[PDB]
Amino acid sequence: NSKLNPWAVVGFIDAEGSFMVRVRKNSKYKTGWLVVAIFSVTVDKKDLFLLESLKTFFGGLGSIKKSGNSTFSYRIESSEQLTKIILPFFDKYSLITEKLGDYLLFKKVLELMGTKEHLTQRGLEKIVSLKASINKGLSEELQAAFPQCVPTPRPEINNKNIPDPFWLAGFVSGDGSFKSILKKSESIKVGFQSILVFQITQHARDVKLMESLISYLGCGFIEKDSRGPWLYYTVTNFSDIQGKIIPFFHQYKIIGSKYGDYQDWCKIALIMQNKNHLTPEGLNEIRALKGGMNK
């Protein structure tokens, strides 16, 4: 239908999905805590349809909740069903970013939950350990409840290459940026120039992936923020954009709202090429060239 490509999904999750372990106080349990494993994705209301798609893609599992005012989240939080359906998926269609690190720790948490070890003090602790290593780790409340807690070290995995072009479409769908800047012309005559920029932003921990985009798309360069750990894969060459970026993503489509921006960006590219005319300086050089071609 508009049934999503499986690698697009993984691209999208690498960019924007959360593997969460929720650990709250609860008097009904022997340890005094409730553990809940959560697969979750949150977007602006303009991407509600993308949440609906994704839910459908996972068999209709989980819930879509309006978080508040202008956001929505898709989450699955039954551990039976994460184990039956989500784990086999991500074990087959593998994540490639540091997100994959989160996925593997998330999966140790679920294995302990299938054994029901999570209800024991000991199992509880191992899980707070595993949680400490997912993403930003332990909240101030949880650090204070488990001061004796050592995070589980992240397993430090291997060369993970882009697995399918559909992955990158998914990935760019969250982490990706199609821009158009209007500047003054560098000329006597007042005129305007559109500059287009395709850009991917990512934390520097995913550097191997970022560097690899240059071969993968056949263009662009890397830039590092001088002030923190941010890398920008940028394409600004207009041929490359016409010739490589626009053809790629026309075949291997952006999903969600941002496809609309890609479309507008493509339209601006036609207008740049068709509704322009030569500067007086450009007119001059071409006149001289023609004013001595073919003697």
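Note that residue numbering follows the sequence shown and begins at 1.
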**Q.** Per the entry, higher mean C-alpha B factor between 63 to 71 and 226 to 234
**A.** 63 to 71
Q: For the higher mean C-alpha B factor in the entry, choose 1 to 9 or 284 to 292.
A: 284 to 292
Q: Would you mind finding, among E117, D102, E140, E211, the residue with the largest C-alpha temperature factor in the entry?
A: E140
Q.
So if I compare the CA B-factors in the entry for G191, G123, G218, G170, which one is the largest?
A. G191
Q) Is the Cα B-factor recorded for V21 in the lowest, middle or highest third of its chain? A) middle
Q. Which third of the chain does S79 land in by C-alpha B-factor: lowest, middle or highest?
A. middle
(Q) Per the entry's values, where does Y252 land by CA temperature factor relative to the rest of its chain, in the lowest, middle or highest third? (A) middle
Q | Entry-reported Cα temperature factor of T201, expressed as the chain third it lands in | A | lowest
Q. Hey, what third does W265 fall into on Cα B-factor, ranked over its chain?
A. lowest
